[PDB]
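Novice: quick one, fold the following:
(4 chains)
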Amino acid sequence: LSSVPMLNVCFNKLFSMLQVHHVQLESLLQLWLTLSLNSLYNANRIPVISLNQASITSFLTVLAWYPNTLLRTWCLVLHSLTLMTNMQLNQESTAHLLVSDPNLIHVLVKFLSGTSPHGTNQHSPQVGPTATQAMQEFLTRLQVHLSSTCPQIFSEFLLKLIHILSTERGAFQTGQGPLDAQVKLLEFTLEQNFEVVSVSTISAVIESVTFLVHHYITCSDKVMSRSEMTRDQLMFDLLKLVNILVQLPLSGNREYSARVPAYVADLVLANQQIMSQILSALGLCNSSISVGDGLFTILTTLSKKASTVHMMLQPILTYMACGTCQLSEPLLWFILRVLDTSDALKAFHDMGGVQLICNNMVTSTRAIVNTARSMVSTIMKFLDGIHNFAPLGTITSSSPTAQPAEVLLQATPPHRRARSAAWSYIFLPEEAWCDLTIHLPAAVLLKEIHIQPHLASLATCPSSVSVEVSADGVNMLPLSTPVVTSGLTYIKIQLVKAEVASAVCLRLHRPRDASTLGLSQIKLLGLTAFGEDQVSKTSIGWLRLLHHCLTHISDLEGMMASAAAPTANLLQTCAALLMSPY
Amino acid sequence: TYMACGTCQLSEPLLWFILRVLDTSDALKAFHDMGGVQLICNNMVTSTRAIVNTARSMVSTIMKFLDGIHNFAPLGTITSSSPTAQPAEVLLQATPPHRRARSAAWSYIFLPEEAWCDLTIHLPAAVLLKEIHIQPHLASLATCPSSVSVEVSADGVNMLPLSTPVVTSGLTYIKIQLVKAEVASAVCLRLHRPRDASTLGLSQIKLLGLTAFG
Amino acid sequence: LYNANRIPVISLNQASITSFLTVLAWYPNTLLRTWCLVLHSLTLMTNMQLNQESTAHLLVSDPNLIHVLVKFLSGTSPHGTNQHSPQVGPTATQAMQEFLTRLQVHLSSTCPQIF
Amino acid sequence: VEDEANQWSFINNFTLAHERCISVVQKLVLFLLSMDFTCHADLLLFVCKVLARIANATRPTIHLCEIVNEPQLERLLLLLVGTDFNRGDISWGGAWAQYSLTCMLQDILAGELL
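Specialist: Numbers count the residues shown, from 1 in each chain, chains lettered A, B, ... in the order given. Sharing the structure here:
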């Protein structure tokens, strides 16, 4: 006398008739989850209402059709899909059915894209730890249900989802979407096995992710706000994922073939775009958990799992020739490491490497002038260690304030009690930004701005501040996006590139719930004209290259040095660089 | 065609527009000519058969007393997933003394690995929650949370988020209103680590809403 | 001192302007420093005269100006580790508004249709 | 008395014959289906509460197969989740009545599976 079959019939009728927009989706899903949980949430709980394949596909396609799906509804969807993994069908598996159709791709893309057109406060698109745990439980149940039958389709499904998400106008590229969900799925993808997955989608995803990471590295920001977990960890985790990926050997017809002895490092070696992208990304990274460490590790493992050393020297010399050329500390260490063996030096000499190197030193020595301080600066510096320059300059504002802001320009004002504020600003209802223009008597090599708000009551701290620099003092010009400093006791705006500036405009935004601004002290740190990585990009790196070539192994140093000899003006240039302090 | 194809959705601006577009005599004549009034009558019959009255009847009045938005935080209890140095029940008071704000009413210390801490408030019964009030430390709001996410659960067991975590850094008073009042019995406030502070300081948490008969 | 009414002393060429515009539309992750510099340069490109079609009609006719303005107003910023608020600030908005005002002035007499 | 010797606590802030309980339960369900604008929501909450209490109190627990047929259960389901009665902020009976319907159905299902 069980009423289960007639209720199953009624819910399948409802699931077929919801297509005409006659049933609310959120109410239907919440009620079906509540009636199926009566046997506290758990991923191991079996729902008591067994559903139908047509019902599941109709629900999935109406979910993929529905845009601006809220996160309340999204977590409800994730719990319902976990239950859809928990069920059994009445002989293919339900997980294979869920994975096979691209509708699951579309729903997961809508979830992880984190669009939220509804959000008037599109602040941080993260979906929170509960939703990330629910999605992780869903993916874990998917691997468990598809491990016995066919992990091929599950691993291909995950790689296709990441690849489509990582293409042009994707969630990883544009930066929108839940950062926590993306890093939890990626660290979930780390533990997966890709031992049957097709080489085509693997090549597509590796090209897409290398293009995206190279475009992010080469075109990075000009400032960084210093305070956790950020998108730096996302790049670190993606490079770790591809470090796992390139270590996978492929066996067979190089198609639908990994099978736990060629490797895919050769496949990414045949791609010229990827080698140019990764060497360029290593070209503009600083030396000593970081992106440069990650790039060094992925290239090291690419060299280790590679079969032939010839395929190691070909991309290196094509990048150095096609680059004048960009030569960094990780690139110098990699060139020294790949030229470790005797056969490496022999192959490098065989296809014309040393003569190109000599031409590069001649062209770079004729190219770059010395930037070091000479004797003239020493013997003129005194005839008339980062120092402050705020007391030297003056301050002004575009609006008539109740008090002048010159108190902010002191070298160190007394900060012991902080009675009201050192400087205060009152906001009109129409305006939101106020500009403090600081004019220095001379342009200085500005490096970092320090802004101290009121320490006793930092409710009056600006919600956001934009720093703008001008070298001539007249052509007013912004530096970057206004940085949010609400809740920050100390504001440190460092510059990766030190800028010659004579006027500095601090445009402060209205605070989130305060109409007054209170500030203590403004510092202007930098250098004046006469007050490791700086030598690597010069010809010294190439000189180290020649020294390692001619001194690492002495048995091959002669005939190859005889090839290095008849280049024009080699000895004069060597003597001139030896006479230099460098 | 919109009223027929919609059961149908009829709002205040739509009522005013329908009254305004039916201002002229020719408008009424054309509305009657292509069958408008009969469809209207069918809509009242279908809606009257459809929607039950939501008004409070005499039963609620004559049972309400046999046993204006009010606070519900003092009735419930509080807990956290991590062992804190002090319990957060001081936050649950109806009005704690906020005159000096010496250090904080409640404080939380962050481990380097964690960034979120959850305050779960369990009410004795589910209430029609309408708006959350979070007051950080007023003397030094550097310890105010950078962002806070409010999550509601009606049954008290099926933990479930409400929306995206709202950024409250630089906010003296946190007012999270709900356009839709939600029947909730457990409320989780997941607070994020502040931008440059490792400690959280809070004064008072309010839980505003109604009851079934209040 | 910058002004939208200042006439630049170096008169440029049509092929030069089109090549510059297409290499700007090709270049992604264009920073806002560089974007405000671009807007000032394009204001100057509206200020110039060609040596007999107008330069504003030439700037408007090709879809490369559409692509550059779409890259500017889309506010992608893949570089931003702090994608907080994509606003470009009052100075850049004033520069773009001056550019559009110079475009209407230069195309009002000839053909406001295309603008 | 049975407690001292929880889902319906939102109001306060023995052995029974099988046939008459079944009859009064199905008549209460037919009363539920005949709820129009004359009937109110508080009466709905109280009949849901007394339905759950009689369903759990009777030995053995009355199941839904002998309570509703297919059309009655279909009407109840479309009443619970369809947007012909759950459209807008004036969803059926309000959130309190929806919660009460969910609790009565959950109680009857839990009584069925003991």
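
Novice: which element is residue 27 on?
Specialist: Went with chain A since none was named. Secondary structure from DSSP states H and E places residue A:27 in helix A:25-35.

Novice: hmm, no, I was thinking of chain D.
Specialist: helix D:18-33.

Novice: with residue A:451 instead?
Specialist: strand A:433-453.

Novice: one step back: just checking, what packs against the helix holding residue A:27?
Specialist: Under the contact criterion of 3 or more Cβ pairs under 8 Å, 6 or more residues apart in numbering or on different chains; DSSP states H and E, helix A:25-35 touches helix A:4-17, helix A:53-65, helix A:71-86, helix D:70-81, helix D:94-112. Placement of C-beta: from N, CA and C, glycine included.

Novice: most tightly packed of those helices?
Specialist: helix A:71-86 (a mean of 22; mean count of other Cβ atoms under 10 Å in any protein chain shown).

Novice: could you dump the helices and strands packed on helix A:25-35 into JSON lines and include distance to residue A:203?
Specialist: Listed next are the helices and strands packed on helix A:25-35 as JSON lines, based on distance: least, Cβ to Cβ, whole Å:
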{"stretch": "helix A:4-17", "distance to residue A:203": "39"}
{"stretch": "helix A:53-65", "distance to residue A:203": "27"}
{"stretch": "helix A:71-86", "distance to residue A:203": "30"}
{"stretch": "helix D:70-81", "distance to residue A:203": "46"}
{"stretch": "helix D:94-112", "distance to residue A:203": "51"}
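
Novice: closest to chain B out of the ones you listed?
Specialist: With Cβ to the nearest Cβ, the closest approach to chain B among those belongs to helix D:94-112: 4.7 Å.

Novice: for stretch A:354-374, which outside residues touch it?
Specialist: With contacts defined as Cβ atoms under 8 Å, 6 or more residues apart in numbering or on different chains, stretch A:354-374 is touched by A:317, A:320-321, A:324-325, A:348, A:534, A:538-539, A:542-543, A:545-546, A:549, A:560, A:563-564, A:567-570, A:573, A:576-577, A:580-582.

Novice: from the chain's centre, how far out does stretch A:29-44 sit?
Specialist: 39 Å (Cα atoms, centre = their mean, to the nearest Å).

Novice: actually stretch A:215-235, not the one I wrote
Specialist: 5 Å.

Novice: same check on stretch A:111-127?
Specialist: Centroid displacement of stretch A:111-127 relative to its chain, using Cα atoms, centre = their mean, is 19 Å.

Novice: near chain B, anything from the next helix-or-strand element following the helix holding residue D:27?
Specialist: Moving toward the C-terminus from helix D:18-33, the next helix or strand (DSSP H and E) is helix D:41-57. Yes - among the residues of helix D:41-57, D:41, D:42, D:43, D:44, D:45, D:46 lie within reach of chain B under Cβ under 8 Å from any Cβ of the partner chain.

Novice: who wins for neighbours among those?
Specialist: residue D:45 (25 neighbours; other Cβ atoms under 10 Å in any protein chain shown).

Novice: I'd say that residue and residue D:98 touch.
Specialist: No - if you go by Cβ atoms under 8 Å, residue D:45 and residue D:98 don't touch, sitting 10.4 Å apart.

Novice: strands of chain A, residue ranges please.
Specialist: In chain A, the strands defined using DSSP state E lie at A:223-225, A:387-388, A:394-397, A:423-426, A:433-453, A:464-470, A:483-484, A:491-509, A:516-527.

Novice: report the buried residues of the third one.
Specialist: Think strand A:394-397. residue A:395 (16 or more other Cβ atoms under 10 Å in any protein chain shown).

Novice: that strand and chain C in contact?
Specialist: No - Strand A:394-397 does not reach chain C (Cβ under 8 Å from any Cβ); its nearest approach is 14.2 Å.

Novice: contacts for the helix holding residue D:27?
Specialist: In contact with helix D:18-33 (Cβ under 8 Å, 6+ apart) are residues D:44, D:47-48, D:50-51, D:54-55, D:58, D:60, D:62, D:66-68, D:72, D:75-76.

Novice: out of those residues, which are buried?
Specialist: Buried among the contacts of helix D:18-33 (16+ other Cβ under 10 Å): D:44, D:47-48, D:50-51, D:54-55, D:58, D:62, D:67-68, D:72, D:75-76.

Novice: so can I have a markdown table of those showing distance to chain C?
Specialist: Formatted as a markdown table, the buried ones among the contacts of helix D:18-33 follow (distance: Cβ to the nearest Cβ, whole Å):
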| residue | distance to chain C |
| --- | --- |
| D:44 | 49 |
| D:47 | 54 |
| D:48 | 49 |
| D:50 | 56 |
| D:51 | 54 |
| D:54 | 59 |
| D:55 | 55 |
| D:58 | 62 |
| D:62 | 59 |
| D:67 | 56 |
| D:68 | 54 |
| D:72 | 55 |
| D:75 | 51 |
| D:76 | 49 |
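
Novice: quick one: the residue nearest to residue A:325 when sequence neighbours are not counted from residue C:59, how far?
Specialist: Using Cβ to Cβ, 6 or more residues apart in numbering or on different chains and skipping residues adjacent in sequence, the residue nearest residue A:325 is residue A:360, 6.2 Å away. Computed as Cβ to Cβ, to the nearest Å, the residue A:360 to residue C:59 distance reads 41 Å.

Novice: what does chain D have sitting close to chain A?
Specialist: Within reach of chain A by Cβ under 8 Å from any Cβ, chain D has these residues: D:63-66, D:70, D:73-74, D:77-78, D:80-84, D:86-87, D:91, D:102, D:105-106, D:109-110, D:112-113.

Novice: same thing but 6 Å
Specialist: Contact residues, chain D versus chain A (Cβ under 6 Å from any Cβ of the partner chain): D:63-65, D:70, D:73-74, D:77, D:80-83, D:86, D:102, D:106, D:109-110.
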